[PDB]
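Beneath this line is the structure, given in structure tokens, with notes to follow.
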Amino acid sequence: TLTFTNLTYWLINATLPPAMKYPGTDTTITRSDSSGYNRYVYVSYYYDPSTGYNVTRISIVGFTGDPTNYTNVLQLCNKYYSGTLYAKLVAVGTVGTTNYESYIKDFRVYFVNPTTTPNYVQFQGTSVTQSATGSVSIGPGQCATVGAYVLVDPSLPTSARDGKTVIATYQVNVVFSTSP
Amino acid sequence: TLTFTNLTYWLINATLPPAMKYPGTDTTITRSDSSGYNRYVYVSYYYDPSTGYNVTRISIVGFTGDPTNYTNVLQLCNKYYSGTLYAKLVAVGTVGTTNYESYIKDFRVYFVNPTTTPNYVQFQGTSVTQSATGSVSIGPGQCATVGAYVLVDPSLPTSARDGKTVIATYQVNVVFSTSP
Amino acid sequence: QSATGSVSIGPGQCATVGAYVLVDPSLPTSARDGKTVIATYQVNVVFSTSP
């Protein structure tokens with residue numbers, strides 16, 4: 001009864017995102033042992049073909065029985081957006097499974113240069129114990145820095161200690177915004 | 001308003017830490033009395049199951065009313081990291097309680113072979129009177145040495161003098177780095 | 001299972017020994033290539049001149 005339409009159009013323009021990810025400084029640690037991988041932090045990306053995400057993988061070397069605390073892994077900052085951005089981290093879960101996930105007794109991703117409310121997402125093996133952090137303000141040009149933290153349970157099997165076997169793959173979304 | 005995500009990945013590789021702890025030389029003092037424990041310094045480790053730390057316990061024999069000054073208890077040096085390391089000590093507090101803690105009138109852990117700024121953490125019974133030391137440089141292969149110092153108040157009860165009863169358990173973190 | 005019973009062996013004929021292995025399929029993929037050792041068991045077989 002008395003229905004009518006309005007017939008909208010939608011036009012989509014495409015551009016490069018204004019946030020981007022930058023490789024920090026610890027990737028140039030340039031010092032390593034006889035294990036093949038001759039670095040300690042890898043920062044790189046690869047276009048996922050299944051769903052089209054700009055996935056940026058990070059490889060961190062974790063030390064058995066000794067907590068490890070990085071400081072400069074990723075740099076987040078806008079190069080195009082003239083206002084004041086807002087950033088936050090959200091945890092999701094593990095990607096894949098190698099059944100070694102129960103040997104990661106702790107794992108944290110946290111802001112370094114600017115700080116805020118809780119300011120770290122924490123994984124307890126496979127589960128998640130801290131979902132999201134607070135927001136942080138990024139202006140035009142200056143960059144916030146993201147560190148890392150890992151503690152591998154020292155009961156790790158010997159064969160998986162030579163620095164090759166991957167023992168975890170954690171999902172960490174980086175959600176930007178334009179309001180606090 | 002105008003929010004977007006970036007969807008990072010994190011890959012973790014595991015390896016043995018490059019610092020490690022070494023048992024020094026005073027552990028081979030090989031000379032002792034009729035008390036059961038037929039040594040003067042014990043150096044050993046045990047994988048903590050609660051939180052996965054590579055705890056390295058140390059047993060020191062303290063002499064009543066007479067300060068004791070060791071020289072070679074622990075040796076700290078890298079065997080894998082090709083650069084120039086940096087080490088420092090941080091005190092935390094006591095572990096457990098036996099109510100004898102008030103009879104330790106002094107306790108110091110200090111570098112021996114290389115030296116630096118304050119260069120000793122000091123416990124006054126249960127409290128802490130010197131939090132952290134300065135940094136010291138360890139290169140590839142050569143080792144820094146950590147001594148000890150203890151002074152037991154001679155009003156100790158007689159029954160706790162036979163060298164069995166443990167009268168203290170002090171937390172001493174050893175924090176490494178890659179920058180001074 | 002602590003130990004087995006005795007068995008008689010004569011000159012020339014031999015008692016042959018089998019095996020039975022079952023590995024939980026939840027084993028991590030990185031250790032399935034066959035290079036890695038997952039166990040090391042000691043069993044002592046005891047000769048005797050009496051049953």
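Chain labels run A, B, ... following the order of the structure tokens; each chain numbers its residues from 1, and ligands are numbered from 1 in the order shown.
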Please report, as a PDB file with N, CA and C atoms, in the first residue's frame, each residue of chain A to which DSSP assigns helix (DSSP H, G or I) when run on this structure's backbone.
ATOM      1  N   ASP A  26      64.400  -2.233  14.084  1.00  0.00           N
ATOM      2  CA  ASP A  26      64.984  -3.490  14.543  1.00  0.00           C
ATOM      3  C   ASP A  26      65.199  -4.492  13.421  1.00  0.00           C
ATOM      4  N   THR A  27      64.557  -4.305  12.268  1.00  0.00           N
ATOM      5  CA  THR A  27      64.810  -5.171  11.127  1.00  0.00           C
ATOM      6  C   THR A  27      66.240  -5.067  10.619  1.00  0.00           C
ATOM      7  N   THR A  28      66.971  -4.025  11.005  1.00  0.00           N
ATOM      8  CA  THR A  28      68.364  -3.841  10.623  1.00  0.00           C
ATOM      9  C   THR A  28      69.304  -4.253  11.751  1.00  0.00           C
ATOM     10  N   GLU A 101      51.126 -24.177  19.703  1.00  0.00           N
ATOM     11  CA  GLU A 101      50.577 -22.927  20.210  1.00  0.00           C
ATOM     12  C   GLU A 101      50.512 -22.908  21.729  1.00  0.00           C
ATOM     13  N   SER A 102      50.423 -24.075  22.362  1.00  0.00           N
ATOM     14  CA  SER A 102      50.348 -24.121  23.815  1.00  0.00           C
ATOM     15  C   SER A 102      51.676 -23.808  24.488  1.00  0.00           C
ATOM     16  N   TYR A 103      52.758 -23.678  23.725  1.00  0.00           N
ATOM     17  CA  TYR A 103      54.064 -23.373  24.286  1.00  0.00           C
ATOM     18  C   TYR A 103      54.392 -21.889  24.261  1.00  0.00           C
ATOM     19  N   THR A 158      63.446 -30.117  21.395  1.00  0.00           N
ATOM     20  CA  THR A 158      64.757 -29.686  20.923  1.00  0.00           C
ATOM     21  C   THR A 158      64.773 -29.494  19.413  1.00  0.00           C
ATOM     22  N   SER A 159      64.124 -30.392  18.673  1.00  0.00           N
ATOM     23  CA  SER A 159      64.146 -30.323  17.217  1.00  0.00           C
ATOM     24  C   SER A 159      63.523 -29.047  16.669  1.00  0.00           C
ATOM     25  N   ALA A 160      62.660 -28.382  17.433  1.00  0.00           N
ATOM     26  CA  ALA A 160      62.023 -27.148  16.997  1.00  0.00           C
ATOM     27  C   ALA A 160      62.676 -25.911  17.596  1.00  0.00           C
TER      28      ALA A 160
END
Can you tell me which residues surround residue A:35 at a distance of at most 12 Å, considering only C-alpha atoms, apart from same-chain residues fewer than 4 positions away, and format the answer as a PDB file with C-alpha atoms, in the first residue's frame?
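As a result, selection13.pdb now contains:
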ATOM      1  CA  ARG A  31      73.526  -9.742  13.704  1.00  0.00           C
ATOM      2  CA  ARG A  39      68.201 -11.463  10.731  1.00  0.00           C
ATOM      3  CA  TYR A  40      65.895 -11.148  13.719  1.00  0.00           C
ATOM      4  CA  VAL A  61      62.589 -14.639  16.878  1.00  0.00           C
ATOM      5  CA  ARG A 161      64.677 -24.855  18.500  1.00  0.00           C
ATOM      6  CA  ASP A 162      66.962 -24.205  15.506  1.00  0.00           C
ATOM      7  CA  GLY A 163      64.974 -21.112  14.493  1.00  0.00           C
ATOM      8  CA  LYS A 164      63.237 -22.613  11.449  1.00  0.00           C
ATOM      9  CA  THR A 165      59.971 -24.109  12.684  1.00  0.00           C
TER      10      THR A 165
ATOM     11  CA  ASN B  13      60.382 -18.513  15.374  1.00  0.00           C
ATOM     12  CA  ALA B  14      62.029 -19.982  18.473  1.00  0.00           C
ATOM     13  CA  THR B  15      65.710 -20.318  19.331  1.00  0.00           C
ATOM     14  CA  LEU B  16      68.022 -20.704  22.289  1.00  0.00           C
ATOM     15  CA  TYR B  80      76.023 -16.886  19.335  1.00  0.00           C
ATOM     16  CA  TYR B  81      75.421 -13.129  19.007  1.00  0.00           C
TER      17      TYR B  81
END
Neighbour list for stretch 141-156 of chain A as JSON, numbers by chain, cut-off 7 Å, only C-alpha atoms, skip fewer than 6 positions in-chain: {"A": [62, 63, 64, 65, 66, 67, 68, 69, 70, 71, 72, 73, 74, 75, 76, 77, 78, 79, 103, 104, 105, 106, 107, 108, 109, 110, 111, 112, 113, 114], "B": [47, 52, 54]}
In Å, rounded to a single decimal, give me how far atom CA of residue A:57 is from atom CA of residue A:129.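 Value for the atom CA of residue A:129-atom CA of residue A:57 distance: 22.1 Å.
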Once you count only C-alpha atoms, which residues of chain C turn out to be within 12 Å of chain A? Could you give them as a list in words?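 The complete set of qualifying residues is residues 24, 25, 26, 27, 28, 29, 30, 31, 32, 33, 34, 35, 36, 37, 38 and 39 of chain C.
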Residues of chain B within 9 Å of chain A, counting only C-alpha atoms, what are they? List them as a compact mmCIF listing (two decimals) with C-alpha atoms, in the first residue's frame.
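Full text of out_4.txt as output:
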# COMPACT_ATOMS: atom_id res chain seq x y z
CA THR B 1 33.37 7.72 10.55
CA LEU B 2 35.81 6.60 7.85
CA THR B 3 37.42 3.66 9.62
CA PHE B 4 39.56 0.98 7.97
CA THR B 5 41.66 -2.04 8.93
CA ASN B 6 45.00 -3.41 7.82
CA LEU B 7 45.06 -7.02 9.09
CA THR B 8 48.65 -7.83 10.12
CA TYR B 9 50.17 -11.28 10.63
CA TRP B 10 52.79 -12.27 13.19
CA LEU B 11 55.08 -15.27 12.73
CA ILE B 12 57.19 -16.47 15.66
CA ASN B 13 60.38 -18.51 15.37
CA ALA B 14 62.03 -19.98 18.47
CA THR B 15 65.71 -20.32 19.33
CA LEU B 16 68.02 -20.70 22.29
CA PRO B 17 68.91 -17.39 23.97
CA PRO B 18 72.31 -15.97 23.05
CA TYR B 47 62.29 -25.07 34.16
CA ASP B 48 59.55 -23.36 36.14
CA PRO B 49 56.22 -24.95 35.13
CA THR B 51 55.21 -19.38 33.97
CA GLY B 52 58.07 -20.84 31.93
CA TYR B 53 61.12 -18.92 33.14
CA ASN B 54 64.63 -20.38 32.88
CA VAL B 55 65.26 -19.87 36.58
CA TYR B 80 76.02 -16.89 19.34
CA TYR B 81 75.42 -13.13 19.01
CA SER B 82 78.02 -11.55 16.74
CA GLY B 83 77.69 -7.94 17.92
CA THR B 178 71.72 -4.28 22.25
d(atom CA of residue C:14, atom CA of residue C:2) in Å: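 Interatomic distance here is 23.2 Å.
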